[PDB]
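Beneath this line is the structure, given in structure tokens, with notes to follow.
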Amino acid sequence: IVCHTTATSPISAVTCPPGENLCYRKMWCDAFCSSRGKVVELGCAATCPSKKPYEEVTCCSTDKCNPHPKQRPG
Amino acid sequence: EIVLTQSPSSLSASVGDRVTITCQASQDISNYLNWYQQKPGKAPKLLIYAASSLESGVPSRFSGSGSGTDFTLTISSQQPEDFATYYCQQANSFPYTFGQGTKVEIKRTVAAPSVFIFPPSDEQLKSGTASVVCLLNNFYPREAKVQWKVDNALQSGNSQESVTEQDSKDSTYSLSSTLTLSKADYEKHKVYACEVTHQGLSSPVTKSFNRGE
Amino acid sequence: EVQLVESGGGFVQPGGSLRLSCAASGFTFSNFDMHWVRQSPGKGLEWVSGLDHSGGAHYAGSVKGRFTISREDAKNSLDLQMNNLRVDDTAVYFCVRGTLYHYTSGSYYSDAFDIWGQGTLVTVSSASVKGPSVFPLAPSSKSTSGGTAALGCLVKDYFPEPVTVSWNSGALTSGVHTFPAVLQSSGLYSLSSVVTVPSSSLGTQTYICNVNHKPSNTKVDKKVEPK
């Protein structure tokens, strides 16, 4: 599966390691939120990450379906 | 350059205590302040960034407040895992600067020290050097004074000491003071004594030995 | 897992040279801002040098003109050349990665220091390498309180740090106290290792302290007899 990732600093799409067929987004607020917006975390996983208090989580299976908010899922 | 000063430098606490460390800067830094934990012999680990946000994996009992020049790190429920030295670091201006650090030590009941004294061995006397060693074992708190009396005359500038890091089992300390002379100076005198003042003693303990005897 | 490993630390004479190398696992360090932070008693944690995510070099004032930092791609490492070293440069040197956080507004670098290496020691001194002299601290009537007796080893006049002190090749660990070393006016270090035992055990057990000084290839085993 090809998936957006926040590892690189110009966010790119990468083929994911074997066994990890899932994409995910995570979004929440820092103490920098009012001046930088919400934190964004992108990558792959074997199972979807558990949700904690006050954060969004998205999952999917097609390619590039976890885009940056300022981006589109092309 | 921005200067960081932590308060206090050391503080005692029991398991379950609410611990509060403050950190003050030489000018306004907004909330660009980080907190690090460090165990002895180990690299520091990041705990707080943005003065308030926890780094993933850190237990939620940690919290950080403050903006401007005054900042606060708080452990709501002290655990054994949390006894370390804590550092604040500003990331507002260049260069990055750290505070002097704050050690969180384990509180326990007062313990008087067992005082032991050791004469120089025959092996050291062969090389023309004589070292007398005084040992304070398993005491609390850490604060202790040691005088050296050679033939009941005080001594100055010929002794050094070292204190152990707090024991993990009973949570006391230990001290070793070392009086070093020459074999010539060691032979002109008879009595070598160690005088110890500590909070856990009603009056100072003295341990001495007569040379040869 | 993500990790930092650093090497090249040592022990040199003032005006000498050293080269620290730092390698990573789990990430490419050229993606991030890398830093060097040194730690020593008397000056605390101090930022030293930095190579940012764009290849630019940065240096602190008290070290500029003497240190140089560079990516060495053929080694997959981050190097720090330290020339014209002086005494106050004695410290533990950490290779450090800065945090790279993504927001809805963009990417932000080095808000904090998230990954730290293990640390390598750098000693600058006028002294030359010297193995320690190991003197016994014999138990006696003046070193016994109740049923417990104290005996130890005096490890005097060695350089540089560190020495490893064990008792009976690790068989004895309970009750051992190994004190931090002290720097004497000679520029040499000296510490003592003690151990409290049952006073009755001085006839049912032999106590041998083991002092290992890796820089001088010295390994001492001194039997501590009561006198």
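Residue numbers (my numbering), protein chains in the order written: chain E, 1 to 74; chain S, 1001 to 1213; chain W, 2001 to 2227. Cβ coordinates follow ideal geometry from the N, Cα and C atoms, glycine included.
Counting only Cβ-Cβ distances below 8 Å, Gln-1006(S) has no contacts in chain W at all, with the closest Cβ about 10 Å away. Looking at the backbone, the Cα of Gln-1166(S) and that of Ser-1026(S) are separated by about 32 Å. Uninterrupted beta strand (DSSP E) stretches at least 3 residues long and entirely within the segment 2039 to 2065 of chain W occur at 2044 to 2051, 2057 to 2059, given in chain order. DSSP, read as helix, strand or coil, puts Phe-2032(W) in coil. Around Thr-1097(S), the same chain offers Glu-1001, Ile-1002, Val-1003, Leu-1004, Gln-1089, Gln-1090 as residues with beta carbons nearer than 8 Å, after the five sequence neighbours per side are excluded. For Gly-2008(W), the closest of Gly-2187(W), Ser-2216(W), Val-2122(W), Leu-2151(W) by C-alpha to C-alpha distance is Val-2122(W). Per DSSP, the beta bridge partners of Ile-1106(S) are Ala-1013(S). Look at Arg-1018(S) here: in three-state DSSP terms it is coil, with no helix or strand label.
For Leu-2151(W), the secondary structure class from DSSP, reduced to helix, strand or coil, is strand. Taking C-beta atoms as the reference points, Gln-2081(W) and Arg-2019(W) count as a pair closer than 8 Å.
Interface residue (Cβ-Cβ distance to chain E less than 8 Å): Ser-2110(W) is not classified as such.
In the structure shown, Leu-2020(W) adopts extended strand secondary structure according to DSSP, grouped into three states. DSSP places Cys-2095(W) in no alpha helix (DSSP H) but in the uninterrupted beta strand (DSSP E) bounded by 2091 to 2102.
Residues of chain W whose Cβ lies closer than 8 Å to the Cβ of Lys-38(E) are, in chain order, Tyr-2103, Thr-2104.
DSSP places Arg-2071(W) inside the beta strand (DSSP E), whose first and last residues are 2067 to 2072. Per DSSP, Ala-46(E) is not a residue of any alpha helix (DSSP H), being assigned neither H nor E. DSSP places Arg-36(E) inside the alpha helix (DSSP H), whose first and last residues are 33 to 36. Ranked by how close their Cα comes to the Cα of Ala-1043(S), the residues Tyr-2093(W), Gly-2061(W), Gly-2042(W), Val-2197(W) have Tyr-2093(W) in first place. In the DSSP annotation of this structure, the continuous segment of the alpha helix (DSSP H) that includes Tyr-1186(S) starts and ends at 1183 to 1187. Apart from sequence neighbours up to five positions away, the residues of its chain that approach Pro-1204(S) with a beta-carbon distance below 7 Å are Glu-1195, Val-1196, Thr-1197, ordered along the chain. Within the same chain, and ignoring the five residues on either side of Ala-1112(S) in sequence, the residues whose Cβ sits closer than 7 Å to its Cβ are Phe-1139, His-1198, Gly-1200, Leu-1201.
Under the three-state reduction of DSSP output, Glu-1123(S) falls in the helix class. Taking a cut-off of 8 Å on C-beta distances, the segment 1019 to 1038 of chain S does not touch the segment 1148 to 1167 of chain S, as fewer than three cross pairs fall below it. In the structure shown, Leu-22(E) falls within a strand segment according to DSSP collapsed to helix, strand and coil. Beyond the five residues adjoining it in sequence on each side, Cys-23(E) comes within less than 6 Å, by CB distance, of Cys-3, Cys-60, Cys-65, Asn-66 in the same chain, given in chain order. With contacts defined as CB atoms closer than 8 Å, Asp-2114(W) and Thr-2099(W) qualify as a contacting pair. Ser-2192(W) sits in a strand when the DSSP states are folded into three classes. DSSP places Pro-2198(W) within a strand segment (E or B) once states are collapsed to three. When secondary structure is reduced to three states using DSSP, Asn-2168(W) falls in the helix class. Excluding the 5 residues flanking it on each side, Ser-2200(W) has same chain C-beta neighbours closer than 8 Å at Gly-2147, in chain order.
Non-local C-beta neighbours of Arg-2066(W) in its own chain, meaning closer than 8 Å and more than five positions away in sequence, comprise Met-2082, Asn-2083, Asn-2084, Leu-2085, ordered along the chain. Along the segment 2183 to 2214 of chain W, going in chain order, the ones with a CB nearer than 8 Å to a CB of chain S are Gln-2184, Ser-2190, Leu-2191, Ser-2192, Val-2194, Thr-2196.
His-2053(W) and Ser-2107(W) have their alpha carbons spaced roughly 12 Å apart. Taking a cut-off of 8 Å for Cβ pairs, the segment 1101 to 1111 of chain S and the segment 1164 to 1179 of chain S touch, as three or more such pairs fall below it. Within chain S, the residues whose beta carbon sits less than 7 Å from that of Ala-31(E) are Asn-1031, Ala-1050, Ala-1051, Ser-1052, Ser-1053, listed in sequence order. Nearest CB-CB separation between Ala-1112(S) and chain W: not below the 8 Å threshold.
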